[PDB]
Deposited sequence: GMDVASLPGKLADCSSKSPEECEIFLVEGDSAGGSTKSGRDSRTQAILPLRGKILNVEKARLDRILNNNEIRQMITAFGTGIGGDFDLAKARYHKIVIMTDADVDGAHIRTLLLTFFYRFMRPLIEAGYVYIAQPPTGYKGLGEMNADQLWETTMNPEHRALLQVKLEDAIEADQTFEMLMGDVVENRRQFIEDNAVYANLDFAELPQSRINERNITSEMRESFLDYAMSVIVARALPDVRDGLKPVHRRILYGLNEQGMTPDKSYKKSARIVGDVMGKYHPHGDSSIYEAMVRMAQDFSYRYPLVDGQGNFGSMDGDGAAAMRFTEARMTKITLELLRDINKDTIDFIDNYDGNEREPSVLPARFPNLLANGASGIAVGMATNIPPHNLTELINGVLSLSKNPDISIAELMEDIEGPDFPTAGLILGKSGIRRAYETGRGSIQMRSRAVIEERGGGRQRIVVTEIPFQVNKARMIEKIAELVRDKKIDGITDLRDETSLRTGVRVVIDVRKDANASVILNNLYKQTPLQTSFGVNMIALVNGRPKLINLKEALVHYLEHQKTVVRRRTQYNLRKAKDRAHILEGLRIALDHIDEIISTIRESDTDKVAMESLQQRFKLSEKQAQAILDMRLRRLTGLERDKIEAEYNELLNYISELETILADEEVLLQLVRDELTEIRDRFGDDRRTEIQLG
């Protein structure tokens, strides 16, 4: 992968480390070939502070860096064999670039500290506002970043070896809690000291993953990638009524406008939203192969198509009625929603799982009928207890059904945001003839790979670690549903074998509830009541803002209609006024003065087509006006009375419950 320089005198030679060949190509084209070598890596490198030594020494990118530098590692590290006197970290100007820099520095510090001490390690400073170096023309890269005469390299300086050791250990080591603490204490919502670099770069990454990747918002239940997909579907009018649209086109659009990351991240998030074994209320309606419970992936995105589900319309409902705040997209050329109106409680309905930095989230899905009944009960009683809420919300309700064992895990999770929930397959024992039996499994636990689970049983039977099983078959089909059959040896006890399978396979699995979501843009562990309270407050705001928007707009339109009504009442004078005017400007002025019109009204009259003078058109103007006056007084009633508003929220939730609410799938056994 090394594209070496022609010179072999270390003192004038430089090596640039880039993320991959997309970046490597702009670099290779821009460089001075004589003195500047280029080593493309392959994205994120091994974190050597967490890895075993042998994994490190067998890692292909680690080996290539060692070979390139020529110095060996650790003990045998020989400075005078360095093939370059500048090693330049040139990752992309994005948060993942920052992460890759923290990773590279960790490796250098732990395995090549003398390289740092001798002042050989540098950080390049490519311009922001590019996704990667492959986005830059070679000449831009050269002039800004690589050319000795204009570039601003940062030389990496080690001051305090003690503070450095503690910094690498804290940020990059296996103990999460110290890293978590560092983030909470530091989170805000020429030479470079290596400790300062590691801390600022690592925090930059940590923060972005926490607030803008891996955790959902409490209000709409979405992570960024999901919000941008759904928003993208909305902007391209890909509603359930219209035909499916090619996935490649959806992804291309989302990536360009909103989500500056790899296609796999976008496509796979969309795919999960279309899987009825993953989403309790699927948000995407997929055409074609969208994967299976056996861990088959979707067909490639060139083959599939998609659109919104009907329930996703309720997530996006009234997004264009000034209900939620828009923000600039990543490059200032587009607007995107900060959050979706989310007219059902999607966070709890669909759940969320997310691996961040310093923390993670794991929120199970719920029955939408129960959830909405929960929100209605809270709406009538702000002081309701978790125990009273559990009269509506019994516990999780997984798309894959199955059993939950007991209530005490659910209770703890709802009270504290954390708890362990034991899940089991739906399995029965039945006769198969000749006095023989079988175990038949028709539902498996949430997030368990069915084919993996079966191979695990096949393995146990082969290693003779389970007695009694004479055959094992997946008889799943579209027509029959999930059906996994385990034949048992004649006169063996099938219940014992079943209990053994629960102990030794994912036929029984735990769900560790860890309910962290973004509240006011900050990560927080929340309980059931707080999730519902944040949801309800969001709904009040959305409906209130929609009411205010509809009021302003209706007033604007009535204002225009009053102008048109005046014009119809005095049409001969209107025509005369315009005919005697030389220009539009003069007409506009005369219309405003003669008939006491606003600029907006005069412009509307000037914009009126002659067809609007026919009988039916005159009547429509008046009908629309009288209808609007009514509408305006309805809107005003709502805004004058907080109880009327709250009731409106309840009636709208009730309508969604009646239309989309469905039966409980997962049985909570006592």
property	result
Stretches of the record's deposited sequence for which the structure holds no C-alpha atoms	1-9, 199-211, 693
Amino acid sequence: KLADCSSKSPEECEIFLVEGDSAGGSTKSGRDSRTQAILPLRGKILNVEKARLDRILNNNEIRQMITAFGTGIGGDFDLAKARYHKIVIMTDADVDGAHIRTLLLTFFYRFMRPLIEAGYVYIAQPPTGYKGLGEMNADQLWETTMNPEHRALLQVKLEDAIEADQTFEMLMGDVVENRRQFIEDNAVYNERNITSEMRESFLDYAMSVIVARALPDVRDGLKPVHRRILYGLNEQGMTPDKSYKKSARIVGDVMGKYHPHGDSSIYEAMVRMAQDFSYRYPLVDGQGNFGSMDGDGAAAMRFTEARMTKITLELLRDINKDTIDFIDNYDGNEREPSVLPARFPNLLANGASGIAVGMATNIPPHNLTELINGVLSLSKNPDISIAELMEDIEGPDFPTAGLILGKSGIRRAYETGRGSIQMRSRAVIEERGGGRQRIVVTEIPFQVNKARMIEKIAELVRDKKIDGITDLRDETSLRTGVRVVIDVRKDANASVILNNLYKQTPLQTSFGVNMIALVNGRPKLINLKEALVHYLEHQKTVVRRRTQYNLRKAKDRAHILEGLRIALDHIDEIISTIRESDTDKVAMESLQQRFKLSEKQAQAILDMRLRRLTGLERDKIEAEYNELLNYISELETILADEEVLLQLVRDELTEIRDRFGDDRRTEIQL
From here on, numbers count along this sequence of modelled residues.
| property | result |
| --- | --- |
| Which of 80-88 and 550-558 has higher mean CA B factor, as the PDB entry lists it | 80-88 |
| 108-116 or 509-517, whichever carries the higher mean Cα B-factor | 108-116 |
| Residue with maximal Cα B-factor (values as given in the PDB entry) among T476, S425, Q166, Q275 | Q166 |
| Which of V461, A342, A401, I229 ranks first by CA B-factor in the deposited coordinates | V461 |
| Third of the chain's Cα B-factor distribution that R412 belongs to, per the entry | middle |
| Chain-relative CA temperature factor third for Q36 | highest |
| Where the record places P382 (Cα B-factor, split into thirds across the chain) | middle |
| Chain-relative CA temperature factor third for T27 | highest |
| CA B-factor ranking of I497, expressed as a third of its chain | middle |
